[PDB]
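Numbering (mature numbering (1 follows the signal peptide of the UniProt record, and there is no 0)), first residue to last: 63 to 101, 108 to 199.
Ideal Cβ positions, reconstructed from N, Cα and C, are used throughout, including at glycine.
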Ligand SMILES: Cc1cn([C@H]2C[C@H](OP(=O)(O)O)[C@@H](COP(=O)(O)O)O2)c(=O)[nH]c1=O
Ligand SMILES: [Ca+2]
């Protein structure tokens, strides 16, 4: 896999972002993760985290995996990076996303994200909290 430039149009929520890809406005869905919807618990927090992490980065990048690059809803499927740090991983590490939607052939960073999730569980963060 390799990173390539991502052109941000706007934040959407914890696990989707609007990108300009080859001059087409597209919703991109973060691979291997699931954030709460905005109106669910930790939804506002995941939204805010993803929004700021991407907006504040001078270098915004995306990385396709080896399998499908769009889902059945026409959303792009990628890992997103903000100054070299993977958004998908950071969400999971902070307990604002679960590892989810793991499909063989688009699962290159699965182990990386499950490591992060186990630490978020150990720390009882957010999704994994007693709250
Ligand atoms: C992350 C991801 C979601 N999806 C589909 C699975 C789910 O479809 P079903 O909708 O038919 O349940 C849906 C979840 O998206 P959201 O979590 O954005 O709602 O998107 C993929 O097909 N590929 C993926 O890599
Ligand atoms: Ca979601």
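Limits of the unbroken beta strand (DSSP E) element including residue 69
Along the chain shown, read from residue 1 onward, the residue named residue 69 stands at position 7. No beta strand (DSSP E) holds residue 69; DSSP gives it neither H nor E.
Inspect the CB distances between the region 80-89 and the region 162-173 and report whether three or more fall short of 8 Å.
Cβ pair count under 8 Å is below three, so no.
By how many angstroms is the C-alpha of residue 98 removed from the C-alpha of residue 69?
The sequence position of residue 69 within the chain shown is 7, counting from 1. The sequence position of residue 98 within the chain shown is 36, counting from 1. A direct Cα-Cα distance of roughly 24 Å separates residue 69 from residue 98.
What ranges does the beta strand (DSSP E) occupy inside the region 125-197, keeping only unbroken runs of at least 3 residues that lie completely in it?
Runs of the beta strand (DSSP E) inside the region 125-197: 128-131 and 144-150.
Could you spell out where the beta strand (DSSP E) holding residue 80 opens and where it closes?
For the purposes of this step, residue 80 is taken as residue 18 along the chain shown, with counting starting at 1. First-last of the beta strand (DSSP E) with residue 80: 78-83.
Which two residues bound the contiguous beta strand (DSSP E) that contains residue 87?
On the chain shown, residue 87 is found 25 positions in, with the first residue counted as 1. In this chain, the beta strand (DSSP E) harbouring residue 87 covers 86-92.
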